[PDB]
Amino acid sequence: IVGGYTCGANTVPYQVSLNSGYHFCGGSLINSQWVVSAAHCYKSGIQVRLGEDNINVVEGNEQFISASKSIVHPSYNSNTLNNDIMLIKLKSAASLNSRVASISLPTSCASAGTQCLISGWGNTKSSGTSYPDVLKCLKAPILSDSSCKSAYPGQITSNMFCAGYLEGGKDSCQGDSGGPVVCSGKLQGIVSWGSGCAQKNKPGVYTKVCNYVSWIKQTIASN
Ligand SMILES: NC(=[NH2+])c1ccc2nc(-c3ccccc3O)[nH]c2c1
Ligand SMILES: [Ca+2]
Ligand SMILES: [Zn+2]
């Protein structure tokens, strides 16, 4: 997260860290055995780390659970990043409490102007790499589709939306990939892509979760 602030320990209880010997992506806990992340975060050997604040220190509240299976959306296109969503089933259920909680899936899509909270342990530099020890937060608004499409002509599908600032300086970045964009307590987006990070006129692009609610429910119901 570039230009964000320290969330505060466990203030984002649905945030998870996907780890393979280091933190490589974020995700959101949507129930005690399933996490939603981005398809471009796929790899084998994933350990999901819940209740984290400092990812380099065991401070208490952490629960480390291995992923039993990862389900990349069948129509995921790694070249356009269309359908950039993945579901991870945990080997055992997480113990939910005030520090580890699930976030609700939306019933309707959010409108341009809705203010959302994006969080993660991704890079904090737009120029350079600095990855933080504790979770970073950023409040950002969903932009209009005309603004999004004007910034990324021909690259925005109906399964994406832009959120952020056009002046630059505040954005999610690599490492934040797969993490949550929560608006009015509903998970509306997944950190997906953008041209660099926090560059002017190049807002972040997010997977539009409202378009996948039935796919998520059906998939979870059959696995
Ligand atoms: N600016 C942004 N909002 C953004 C967010 C997530 C990203 N994840 C990447 C990314 C780029 C190349 C290879 C792996 C990545 O996870 N770039 C990103 C950019
Ligand atoms: Ca920790
Ligand atoms: Zn990424």
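Residues numbered from 1 in each chain as written, not as in the entry; some residues may be left out. Chains lettered and ligands numbered in written order. Heavy atoms only, no water.

- Its PDB record attributes the structure to X-ray crystallography, giving the resolution as 1.37 Å.

- If you check the PDB entry, the protein chain appears there as BETA-TRYPSIN from Bos taurus.
- This deposition appears in the PDB under the title "A NOVEL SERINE PROTEASE INHIBITION MOTIF INVOLVING A MULTI-CENTERED SHORT HYDROGEN BONDING NETWORK AT THE ACTIVE SITE".
- As its UniProt record puts it under Subcellular location, the protein chain is described as follows: "Secreted, Extracellular space".
- In its Sequence similarities section, the UniProt entry covering the protein chain states "Belongs to the peptidase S1 family." (UniProt positions renumbered as here; feature names shortened; annotations may be inferred.)

### Description of the state of the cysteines
Stage number 1. Under the definition given, this model contains six disulfides.
Stage number 2. Across a sulfur-sulfur distance of 2.0 Å, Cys148 and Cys162 are joined as a disulfide pair. Across the S-S bond of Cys148 and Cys162 the torsion is about 75 degrees, and the bridge reads as right-handed. Taken together, the residues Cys148 in helix α1 (residues 145–151) and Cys162 in strand β10 (residues 160–163) connect sequence positions 14 residues apart.
Stage number 3. The exposure class assigned to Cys148 is buried, which follows from its relative accessible area of 0%.
Stage number 4. A sulfur-sulfur separation of 2.0 Å characterises the disulfide bridge that pairs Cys173 with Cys197. (Disulfide = S-S within 2.5 Å. Helix = DSSP H or I, 4+ residues; strand = E, 2+ residues; numbered from the N terminus. Buried < 20%, exposed > 50% of the residue type's maximum accessible area, 1.4 Å probe, protein only.)

### Notes on the coordination of the calcium ion (ligand 2)
Stage number 1. Binding of the calcium ion (ligand 2) to the protein goes through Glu52 (OE), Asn54 (O), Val57 (O) and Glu62 (OE), at separations of 2.1 to 2.4 Å.
Stage number 2. When the donors of the calcium ion (ligand 2) are listed by position in the chain, the intervening gaps give E-x1-N-x2-V-x4-E. Each of the two residues, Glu52 as well as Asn54, counts as buried. (Donors = N, O, S within 2.8 Å, 3.2 Å for Na, K, Ca; no water.)

### Some points on the coordination of the zinc ion (ligand 3)
Stage number 1. Coordination of the zinc ion (ligand 3) by the protein involves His40 (NE2) and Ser177 (OG), with metal-donor separations of 1.9 to 2.1 Å.
Stage number 2. For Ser177, a relative accessible area of 6% corresponds to the buried category.

### Focus: the UniProt feature "binding site: substrate" in the protein chain
Stage number 1. On the UniProt side, "binding site: substrate" is annotated at positions that read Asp171, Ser172, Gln174, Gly175 and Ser177 here.
Stage number 2. Inspection of the secondary structure assignment puts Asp171 in the loop between β10 and β11 (180–183).
Stage number 3. Excluding its chain neighbours within four sequence positions, the residues that come into contact with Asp171 are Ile1, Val2, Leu138, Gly196, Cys197, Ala198, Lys202, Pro203, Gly204 and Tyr206.
Stage number 4. With respect to the helices, strands and loops of the structure, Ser172 is situated in the loop between β10 and β11.
Stage number 5. Relative accessible area serves as the criterion here: at 7%, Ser172 is assigned to the buried category.
Stage number 6. In this view, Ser172 contacts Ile1, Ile118, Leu138, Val191, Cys197 and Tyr206; residues no more than four positions away in its chain are not counted.
Stage number 7. Of note is the side chain of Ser172, whose polar atom sits 2.7 Å from the side chain of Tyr206. (Contact = heavy atoms within 4.5 Å. Polar contact = N/O pair within 3.5 Å; in protein donor to acceptor, adjacent residues only side chain to side chain.)

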